[PDB]
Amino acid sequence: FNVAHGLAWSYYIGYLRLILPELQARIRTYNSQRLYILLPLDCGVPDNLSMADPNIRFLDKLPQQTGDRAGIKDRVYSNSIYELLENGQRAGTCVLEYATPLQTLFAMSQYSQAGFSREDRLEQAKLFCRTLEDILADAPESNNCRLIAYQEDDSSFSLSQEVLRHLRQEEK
């Protein structure tokens, strides 16, 4: 129906359905077991997670995954392991990243030729989350990942604490 639908399907088709089946095996080769995907509704997606929260610190790369796709021999799929600090001490570790298509929504709202307002961006970000959630709820490849959608100026927000709440909630 709209922009977000194609973006959510492309994220499943071109990425999640390919890496999620192999993820637990890659974590074993390394050794939480799931891919945590951050879904900021404002589409603010820093390339460096420590820029969002200094208590989120890069630890290691997972063993990389490569495939032939669309005529590119061995295109690389990599994921990053992060530690989450509480009072300067590690409180948890997980494979963590932002949903990259939220950057397409953000940049589209910034390019005049895309004809795409800020209101469009927020509405399409929500539709992106809803579509992706609806796809993953029925997808055979997915308890392999956890989506965290949130609406961020707000000194009361700690992204590291929020991920930690999910990690702790998951354990039980």
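We call the rigid core whatever largest set of C-alpha positions still superposes within 1.5 Å between the two forms. We number the residues from 1 along the sequence you see.
* **Segment of greater CA departure in 5 other deposited structures of this protein, 56-64 or 123-131, core superposed** => The stretch that sits farther from the shown form in 5 other deposited structures of this protein is 56-64.
* Following superposition on the rigid core, is the mean squared CA displacement, expressed as RMS, greater for 33-41 or for 107-115 in 5 other deposited structures of this protein? -> After superposing on the rigid core, the more displaced stretch in 5 other deposited structures of this protein is 107-115.
* Asked: Any chance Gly71 is unbuilt in a third or more of the other entries we compared?
  -> Yes, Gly71 lacks coordinates in at least a third of the other entries compared.
* Does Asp153 have no coordinates in at least a third of the other PDB entries examined? -> Yes, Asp153 lacks coordinates in at least a third of the other compared entries.
* To do: Check the entry and tell me how many residues of the deposited sequence have no coordinates between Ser142 and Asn143: none, 1 to 3, 4 to 9, or 10 or more.
  => Gap between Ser142 and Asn143: 1 to 3 residues without coordinates.
* Between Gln113 and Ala114, determine how many residues of the deposited chain lack coordinates; answer none if the chain runs continuously, otherwise 1 to 3, 4 to 9, or 10 or more. => Per the deposited record, the segment joining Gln113 and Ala114 has no missing residues.
* May I ask you to compare 57-65 and 124-132 by their mean CA B factor in the entry and name the higher one? => Looking at the record's C-alpha B-factors, the answer is 57-65.
* Which wins on mean Cα temperature factor, 69-77 or 87-95? -> Mean CA B-factor is higher for 69-77.
* In terms of the chain's CA B-factor thirds, is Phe157 lowest, middle or highest? -> Highest third of the chain for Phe157's C-alpha B-factor.
* C-alpha B factor of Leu147, ranked within the chain: lowest, middle or highest third? -> Its C-alpha B-factor belongs to the lowest third of this chain's values.
* Going by what the PDB entry lists, where does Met51 fall on CA B-factor within its chain: lowest, middle or highest third? -> Top third by C-alpha B-factor.
* Asked: Which third of the chain holds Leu20 when residues are ordered by C-alpha B factor: lowest, middle or highest?
  -> CA B-factor rank for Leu20: middle third.
* Asked: Which third of the chain holds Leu38 when residues are ordered by C-alpha B factor: lowest, middle or highest?
  -> According to the entry, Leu38 has a C-alpha B-factor in the chain's lowest third.
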